[PDB]
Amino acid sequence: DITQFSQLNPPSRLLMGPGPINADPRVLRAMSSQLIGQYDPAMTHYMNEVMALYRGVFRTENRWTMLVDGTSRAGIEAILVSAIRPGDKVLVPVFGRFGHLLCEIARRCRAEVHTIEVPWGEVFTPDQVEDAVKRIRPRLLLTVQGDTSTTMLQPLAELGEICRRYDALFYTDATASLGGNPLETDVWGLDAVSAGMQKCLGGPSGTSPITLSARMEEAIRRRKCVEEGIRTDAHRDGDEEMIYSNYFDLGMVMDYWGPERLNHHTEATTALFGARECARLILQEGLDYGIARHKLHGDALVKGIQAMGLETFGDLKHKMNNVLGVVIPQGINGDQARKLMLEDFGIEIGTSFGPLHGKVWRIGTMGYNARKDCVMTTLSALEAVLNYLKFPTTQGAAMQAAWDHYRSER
């Protein structure tokens, strides 16, 4: 019966996993706003505002800063499909799960995929990526900045200089790290950045902010091929082969956001309203302050976890501010502590996949949930569940260290 389909009623949740995390209530309210037509002066104005705001968030002057209407990895694929002609040599430094995602996307683009690897969860040295760039001579360097599966944050500062010397295009996947970690697009010589909403932005998934450098926009303009239905007598192709997607042809997407207002697709009015608010909030607070906030609560969680008598995963010198790997004590079922946290406390913490499944928990402190009270509620909840499942902890230690960190820093 159609009668037993009632109104939307999701249960209340504190999402402290690797994502998606709770949306900021201002972003949610802005999505309920009524729509206007595709080319209404207000809609074109709001599109132009989104560009200016995300230029601030990405820390770039790039003319082409916009949205791909799809989840984070649609942005990735849009950038790769637009920058990779079949046969092109691509270099992917793999330090986790999302390095393999780049490999697959690149392979679906028919690229020549060359990889370098370090174990989970470690990071790459600038020398390591320089030796690889000298060996294979790639068109693109395809990096993930923050990889949620390993909690590791790849240093990106010294890599852009390396890419300019050997004429490589420098792309990063910043969906996990943007807003909660430093990302200087221009200062670090980045050519393409793709992000997401559901990490530190806040932020339901469905949009991918991207930015393309002047060098990157030239490579795509050589690929120019306008869709037949909106092709005029004054449109002409570029010197190189077309992009093998109509939806992900970023040249046409650029022409939609540009003065031409080329009718590539109907922009996601609501998701645009959402995206505008995220960047607006991030810049009202300030990027530096926003990043400083993620560091404060990330560290407080670490110090809480360490005092609970728990090992942590990875090289902490390079840990993301917003993700923590927590080793499962042993004699303790991980799926059971996850089930108890959720059903009895309303707190979701992440499981790890593959070579870590049943070994490591992933606790995020991102965007809206990067607060003291989210950290405090999670630590007290985790400890309570562990004691109930017979894991001894020093009474008050985990909580004391959390307070000690919050007291000392302010």
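Sequential numbering from 1, following the sequence displayed.
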The stretch carrying the higher mean Cα B factor in the deposited entry, 277 to 285 or 230 to 238, is 230 to 238
Is the mean CA B factor in the deposited entry higher across 129 to 137 or across 200 to 208? 129 to 137
Highest recorded C-alpha temperature factor, please, choosing from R73, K224, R85, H265. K224
Looking at the C-alpha B-factor values in the deposited entry, which of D173, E77, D249, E122 comes out highest? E122
Rank-wise, by C-alpha B-factor, drop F353 into the lowest, middle or highest third of its chain. highest
Please rank the C-alpha B-factors of the chain's modelled residues and tell me whether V81 sits in the lowest, middle or highest third. lowest
According to the PDB entry, is the CA B factor of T312 in the bottom, middle or top third of its chain, that is, lowest, middle or highest? highest
State the tercile, meaning the lowest, middle or highest third, of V360 with respect to the CA B-factors recorded for its chain. highest
Entry-reported Cα temperature factor of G179, expressed as the chain third it lands in: lowest
